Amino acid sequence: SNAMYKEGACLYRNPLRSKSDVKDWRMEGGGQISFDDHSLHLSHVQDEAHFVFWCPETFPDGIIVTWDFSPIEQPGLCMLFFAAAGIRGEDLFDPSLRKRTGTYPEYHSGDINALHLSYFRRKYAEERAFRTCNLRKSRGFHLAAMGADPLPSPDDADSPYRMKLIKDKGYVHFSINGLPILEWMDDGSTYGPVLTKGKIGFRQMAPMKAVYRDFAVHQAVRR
């Protein structure tokens, strides 16, 4: 449990402080972008305008992903997509893939594969009644792991929170403020081959309002 990993060379770092920082990012769905206080504010144009906002860079396998997160207003839900690519290995933005509009089934039951970890799952009463973070693997919407979510409701927040995700072949580990939340080891024969490289994206279920800062990707060094 909690195998030792160190961050290696920095592969990518985005402060997310101004519009120029998300210049080539791809917004799928009705997300609203703002940079008040020199930080990325993500909201929605309508109450059910769910979306996925993608970083355009293809990241390799064996990485540690970090970012600052601040839950500002609920109801809502957040989710990080990673190791995302076409089912045949196509670039997530290759024109040959079906168009996506932020509608969930397009991501878990479409023509792409990806790991997706939901946190601050507070969109529905059932979710707010038992707070957890869930890790799924698609295509297939397969539940891989879950753990309790220490994130409070906005009223009691002491933002931002330090999010850290490790992805190294079959291994996935997630922590918040250094506290391990969940971990998983894909054997590669239960829910298909192990996912490797791919895009990273930020999803929100409306009417979520959140702030993101200092998104970085480092090489994962296994000790």
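The first residue of the sequence shown is number 1, and the count goes up from there.
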Original post:
Looking only at CA atoms, which has the higher mean B factor in the entry: 103 to 111 or 142 to 150?
Top reply: 103 to 111
Original post:
Higher mean Cα B-factor in the deposited model: 23 to 31 or 194 to 202?
Top reply: 23 to 31
Original post:
With respect to the C-alpha temperature factors reported in the PDB entry, which of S70, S43, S189, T66 ranks highest?
Top reply: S189
Subject >> Largest Cα B-factor, entry values, listed residues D155, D168, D36, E183 >> reply: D36
**OP:** Ordered by C-alpha B-factor within the chain, which third holds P56? Give me lowest, middle or highest, please.
**Re:** highest
Subject >> Chain-wide C-alpha B factor ranking for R98, given as lowest, middle or highest third >> reply: highest
**OP:** Grab the CA temperature factor for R121 from the record and place it in the lowest, middle or highest third of its chain.
**Re:** lowest
**OP:** Select lowest, middle or highest to describe the third in which the CA B-factor of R88 falls within its chain in this entry.
**Re:** highest
Original post:
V217's Cα B-factor: lowest, middle or highest third of the chain?
Top reply: lowest
